[PDB]
């Protein structure tokens, strides 16, 4: 099957190479440090001794390194190696990082798309694994069938920085969820209530219900029509002080939840207490 090369053999790059081998692709691997190659040599990979050698083995080149700086250090070490190849860069970073990297690649005669892996290394290979892609549509089309070995492809558009924007937005969502878990569990723990049962039987079911409610809020964001949905900001601005006061009586810091309470209060002070929660998005933009 179609050869592939993988540059960077940390946790995610190891899993990517492993899955290409499992599906029968001739897989060439490279890493700054040689030791991380050995688990992949053990299951049939070729270890390339140089960046040049890895680039010559395949026309599809996958880069999965620490950061954009490291990607640039790899590219600049063999600047004639990239011509007429397709580079698929799965290295985490900002939208700007992806645009800057694409500029260099184009100037050196390569084709370039950026991807964001929304998945833990163990999930690689499963349909559960969402991988976002951005950059020129024709470049993606030319390699998507091979890339579909790693997970479910989701192309998100032409601007090569979009996959990173989507990735970082999803991670922001997760950091909010974790903020809520932390505050809720601290409050019950302050009254010597075990965390396990509370989370399994009360917090997860409640978060599941409100996670579905997010589709209503998203519709209201698009329509710029911030109806209350039966839960007005005026009413919420009376429950939030109670959450703060009980937290303080229990000795629990309010640092993780006070920001959104100040937003809710600001909207009431603008005269729009009869709206609902979809109004907050525009306030931080």
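Numbering follows the first chain given and starts at 1.
The PDB entry records a higher mean C-alpha B factor for 126 to 134 than for its counterpart among 203 to 211 and 126 to 134. On average the C-alpha atoms of 35 to 43 have higher B-factors than those of the other stretch, with 238 to 246 and 35 to 43 being the two compared. By the numbers in the PDB entry, the CA B factor is greatest at 76 among 76, 172, 182, 91. Comparing the C-alpha B-factors of 143, 118, 163, 71 in the entry, the top value falls on 118.
Among the modelled residues of its chain, residue 276 has a C-alpha B-factor that falls in the lowest third according to the deposited record. Per-chain ranking of the deposited C-alpha B factor places residue 189 in the middle third. For residue 167, the recorded CA temperature factor ranks within the lowest third of the chain's modelled residues. Among all modelled residues in its chain, residue 260 ranks in the lowest third by Cα B-factor.
Among the modelled residues of the chain, residue 61 sits in the lowest third by CA temperature factor in this PDB entry.
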